[PDB]
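One structure below.
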Amino acid sequence: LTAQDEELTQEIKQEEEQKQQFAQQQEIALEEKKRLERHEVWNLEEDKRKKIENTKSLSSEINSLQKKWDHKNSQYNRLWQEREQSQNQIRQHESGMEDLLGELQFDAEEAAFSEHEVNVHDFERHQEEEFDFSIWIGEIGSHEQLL
Amino acid sequence: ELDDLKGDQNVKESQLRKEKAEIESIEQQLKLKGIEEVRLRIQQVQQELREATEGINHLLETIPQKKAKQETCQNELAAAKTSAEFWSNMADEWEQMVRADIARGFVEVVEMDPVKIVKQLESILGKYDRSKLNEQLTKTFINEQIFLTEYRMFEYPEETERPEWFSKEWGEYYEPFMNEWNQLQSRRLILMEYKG
Amino acid sequence: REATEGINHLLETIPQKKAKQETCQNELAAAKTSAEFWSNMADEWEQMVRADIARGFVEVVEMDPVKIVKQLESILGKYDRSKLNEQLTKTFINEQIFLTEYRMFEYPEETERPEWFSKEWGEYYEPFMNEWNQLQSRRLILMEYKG
């Protein structure tokens, strides 16, 4: 903290020194500016500078919009890929469920579970939503209890 | 959203070209009032005025910032110095405490360095706890009066005088350290009469 | 010139007050932390004191520390913990001469190191947590009176 104290002492003084340097430079520039404004030159140079600054600002805003658009576009391509991935999951899963339906029918035939077919078709007549399997599980549980 | 943003960006790009085209017109008027010597000195003066104004404005904001930073540094340095002085004194006090017990010769000491002494007895922290050991010392004192009564054993708590500098109100934050030493400073001694 | 002067004066003052607000905000956060901490320590002592009261060993006006300290204002000045604990043990040893048929017995009471202790507070609070951890332990006595 003593070192920091020394650093801050030197730094604040040096900033003040630069302030005095800048004040001197500003004063000399202002004084010479008075004597220099007597031709239409300085005004022309100033406007030209403002136009250049405005072009710079437009460039910066263009880059900002470019940055935001590229960020948005990368996420958009990622989301397109994710939707395709979800479609892949649906394809993989539905195929599996089809095989499982064949397997489940096999288990029902061995165990003589007549409800298996009825429940499967009922599921296919309502696989548009959150199908409730509670009754199906209850039926297989009762069947298993009977067995 | 992408289409709207891209359209806005293209509008900005068109505007940038339009602003670029307009700079040339200023130059044309500049050329025909072409005095090069007046222009170069005017440009130098404009740059100097811009630099000076920027510097003085930035410095007017920063200098107070570093002054306040220096204020904070001084406050925290005073606090740190207080703590450093306090712990030098406290370490010296613990040195005095430890030197008192070692002097008895009840316990032998390899080297009078606190880290070394702690290393010599580190084991005991694993063995006892203050309450337990105090209890068992009382238990032993009770037990040992069955055999030795003719010797007139006796214990008496032994205490070390409070260092006077403990009196200086180091403040709230330090009171806990004084209380701990003050609490712990009390220790028990035993002396037994044997053949006179 | 007036506008520049105002902006200059503001440029100087604003950073000063901004840094002051920075310090004030830091210290205010610290103070709120301390308030929560001291609320917690007072509450911990409250649980302890309420525990002792549940035992019924000591009677009180109300569960208010200010009233309690006035009632017991002189006992802390008179004795100290080690001495009283020791002399209680001594009395326990002595009085087992008479009461031996009852099989006297003691058992230490401890506090489950409250979890909010985990939110390390360091420096200013470390001594208080250590002190409470040492002092929180108290001895209890239970007696086998006629079975």
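All residue names refer to the structure tokens as shown: chains lettered A, B, ... in order, residues numbered from 1 in each chain, ligands numbered from 1 in order.
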Pull out every residue of chain B sitting within 7 Å of chain A, counting only C-alpha atoms, and send them as a PyMOL selection string.
chain B and resi 2+5-6+9+12-13+16+19-20+23+26+30+39+42+45+48-49+52-53+55-56+59+63+66-67+70+73-74+77
Name all residues at most 12 Å from residue B:172 (count only C-alpha atoms; drop same-chain ones fewer than 4 positions away) and give them as a PyMOL selection string.
(chain B and resi 168+176-179) or (chain C and resi 124-125+127-128)
Can you work out which residues from chain B touch chain C at a cut-off of 10 Å (counting only C-alpha atoms) and hand them back as a PyMOL selection string?
chain B and resi 56-69+72+130-131+134-139+142+157+172-177+179-180+183+186
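Secondary structure by DSSP on the backbone puts the following residues of chain C in strand (DSSP E): residues 104, 105, 106, 107, 108, 109, 138, 139, 140, 141, 142 and 143 of chain C.
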Please compute the atom CA of residue C:102-atom CA of residue C:145 distance, one decimal, in Å.
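So the two atoms, atom CA of residue C:102 and atom CA of residue C:145, lie 5.4 Å apart.
The gap separating atom CA of residue B:155 from atom CA of residue B:191 is 6.6 Å, in Å to one decimal.
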Residue neighbourhood residue C:101, 9 Å, only C-alpha atoms, exclusion window fewer than 4 positions, as an MDAnalysis selection string:
chainID C and resid 96 144:146
Hey, can you spit out that residue selection with N, CA and C atoms as a PDB file, in the first residue's frame?
```pdb
ATOM      1  N   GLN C  96     -20.709 -36.519  44.924  1.00  0.00           N
ATOM      2  CA  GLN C  96     -20.943 -37.918  44.590  1.00  0.00           C
ATOM      3  C   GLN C  96     -20.649 -38.807  45.785  1.00  0.00           C
ATOM      4  N   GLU C 144     -29.667 -39.763  37.726  1.00  0.00           N
ATOM      5  CA  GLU C 144     -30.460 -40.984  37.872  1.00  0.00           C
ATOM      6  C   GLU C 144     -31.137 -41.050  39.238  1.00  0.00           C
ATOM      7  N   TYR C 145     -32.179 -40.246  39.436  1.00  0.00           N
ATOM      8  CA  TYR C 145     -32.855 -40.144  40.720  1.00  0.00           C
ATOM      9  C   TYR C 145     -33.879 -41.260  40.868  1.00  0.00           C
ATOM     10  N   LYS C 146     -33.582 -42.263  41.694  1.00  0.00           N
ATOM     11  CA  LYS C 146     -34.525 -43.353  41.938  1.00  0.00           C
ATOM     12  C   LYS C 146     -34.992 -43.976  40.624  1.00  0.00           C
TER      13      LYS C 146
END
```
Length of the atom CA of residue A:119 to atom CA of residue A:139 vector [Å]
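We find that atom CA of residue A:119 and atom CA of residue A:139 lie 9.7 Å from each other.
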Can you check which residues of chain B DSSP gives as alpha helix (DSSP H) on the backbone and send them as a VMD selection string?
chain B and resid 2 to 32 36 to 103 114 to 127 130 to 148 175 to 184
Residue contacts of stretch 47-59 of chain C (12 Å, only C-alpha atoms) excluding same-chain residues fewer than 4 positions away, as number ranges by chain
C: 40-43, 63-65, 67-69, 71-72, 109-112, 114, 132, 135-142
Output of the above residues as a tab-separated table (two decimals), in the first residue's frame, restricted to N, CA, C and O atoms:
```
chain	number	residue	atom	x	y	z
C	40	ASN	N	-27.42	-12.21	12.46
C	40	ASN	CA	-27.20	-13.63	12.61
C	40	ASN	C	-26.54	-13.97	13.94
C	40	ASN	O	-26.92	-14.94	14.60
C	41	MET	N	-25.54	-13.19	14.35
C	41	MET	CA	-24.87	-13.47	15.62
C	41	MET	C	-25.81	-13.25	16.79
C	41	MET	O	-25.85	-14.04	17.74
C	42	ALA	N	-26.60	-12.17	16.73
C	42	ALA	CA	-27.59	-11.92	17.77
C	42	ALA	C	-28.62	-13.03	17.81
C	42	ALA	O	-29.02	-13.48	18.88
C	43	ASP	N	-29.05	-13.49	16.64
C	43	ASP	CA	-29.98	-14.61	16.57
C	43	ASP	C	-29.35	-15.88	17.12
C	43	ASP	O	-30.02	-16.63	17.83
C	63	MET	N	-37.62	-12.54	27.00
C	63	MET	CA	-36.51	-13.00	26.17
C	63	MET	C	-35.86	-11.79	25.51
C	63	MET	O	-35.71	-11.75	24.29
C	64	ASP	N	-35.46	-10.80	26.32
C	64	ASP	CA	-34.75	-9.62	25.84
C	64	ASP	C	-33.38	-9.48	26.49
C	64	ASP	O	-33.27	-9.38	27.72
C	65	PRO	N	-32.30	-9.44	25.69
C	65	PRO	CA	-30.95	-9.36	26.26
C	65	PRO	C	-30.72	-8.17	27.18
C	65	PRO	O	-29.99	-8.32	28.18
C	67	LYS	N	-32.79	-6.64	29.28
C	67	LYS	CA	-33.34	-6.92	30.60
C	67	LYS	C	-32.49	-7.96	31.33
C	67	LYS	O	-32.18	-7.82	32.53
C	68	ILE	N	-32.07	-9.00	30.60
C	68	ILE	CA	-31.29	-10.09	31.17
C	68	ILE	C	-29.94	-9.63	31.70
C	68	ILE	O	-29.53	-10.00	32.80
C	69	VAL	N	-29.23	-8.80	30.93
C	69	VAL	CA	-27.93	-8.33	31.40
C	69	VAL	C	-28.09	-7.52	32.68
C	69	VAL	O	-27.28	-7.64	33.60
C	71	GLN	N	-30.35	-7.94	34.91
C	71	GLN	CA	-30.65	-8.85	36.00
C	71	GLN	C	-29.39	-9.55	36.51
C	71	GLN	O	-29.22	-9.74	37.72
C	72	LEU	N	-28.49	-9.92	35.59
C	72	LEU	CA	-27.26	-10.66	35.84
C	72	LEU	C	-26.02	-9.79	35.68
C	72	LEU	O	-24.91	-10.31	35.52
C	109	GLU	N	-23.08	-29.85	26.03
C	109	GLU	CA	-23.98	-29.31	25.02
C	109	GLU	C	-23.19	-28.49	24.01
C	109	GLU	O	-22.34	-27.68	24.39
C	110	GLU	N	-23.48	-28.71	22.73
C	110	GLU	CA	-22.75	-28.19	21.59
C	110	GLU	C	-23.75	-27.61	20.60
C	110	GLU	O	-24.93	-27.97	20.61
C	111	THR	N	-23.28	-26.71	19.73
C	111	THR	CA	-24.15	-26.12	18.72
C	111	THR	C	-23.69	-26.63	17.37
C	111	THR	O	-22.48	-26.74	17.11
C	112	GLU	N	-24.66	-27.02	16.54
C	112	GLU	CA	-24.44	-27.57	15.20
C	112	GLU	C	-23.81	-26.61	14.19
C	112	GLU	O	-24.24	-26.57	13.04
C	114	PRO	N	-23.79	-23.44	12.88
C	114	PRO	CA	-24.77	-23.02	11.87
C	114	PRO	C	-24.18	-22.75	10.50
C	114	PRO	O	-23.11	-22.16	10.33
C	132	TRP	N	-17.14	-17.15	19.40
C	132	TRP	CA	-18.40	-17.85	19.61
C	132	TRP	C	-18.21	-19.36	19.57
C	132	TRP	O	-18.78	-20.09	20.38
C	135	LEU	N	-16.77	-20.37	22.95
C	135	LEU	CA	-17.61	-20.11	24.10
C	135	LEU	C	-18.96	-20.81	24.00
C	135	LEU	O	-19.67	-20.91	25.00
C	136	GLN	N	-19.36	-21.25	22.81
C	136	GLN	CA	-20.70	-21.78	22.62
C	136	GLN	C	-20.93	-23.06	23.41
C	136	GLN	O	-22.09	-23.42	23.68
C	137	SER	N	-19.87	-23.75	23.80
C	137	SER	CA	-20.01	-25.02	24.50
C	137	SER	C	-20.31	-24.82	25.98
C	137	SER	O	-19.68	-24.03	26.67
C	138	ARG	N	-21.28	-25.59	26.48
C	138	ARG	CA	-21.68	-25.50	27.87
C	138	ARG	C	-21.97	-26.90	28.36
C	138	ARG	O	-22.22	-27.81	27.58
C	139	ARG	N	-21.89	-27.07	29.67
C	139	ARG	CA	-21.98	-28.37	30.30
C	139	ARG	C	-23.40	-28.52	30.86
C	139	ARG	O	-24.02	-27.55	31.29
C	140	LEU	N	-23.90	-29.75	30.83
C	140	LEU	CA	-25.20	-30.07	31.40
C	140	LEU	C	-25.07	-31.20	32.40
C	140	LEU	O	-24.11	-31.98	32.37
C	141	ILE	N	-26.05	-31.29	33.30
C	141	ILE	CA	-26.11	-32.36	34.28
C	141	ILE	C	-27.51	-32.99	34.31
C	141	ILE	O	-28.53	-32.30	34.30
C	142	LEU	N	-27.51	-34.32	34.36
C	142	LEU	CA	-28.68	-35.20	34.41
C	142	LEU	C	-28.41	-36.19	35.54
C	142	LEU	O	-27.28	-36.64	35.73
```
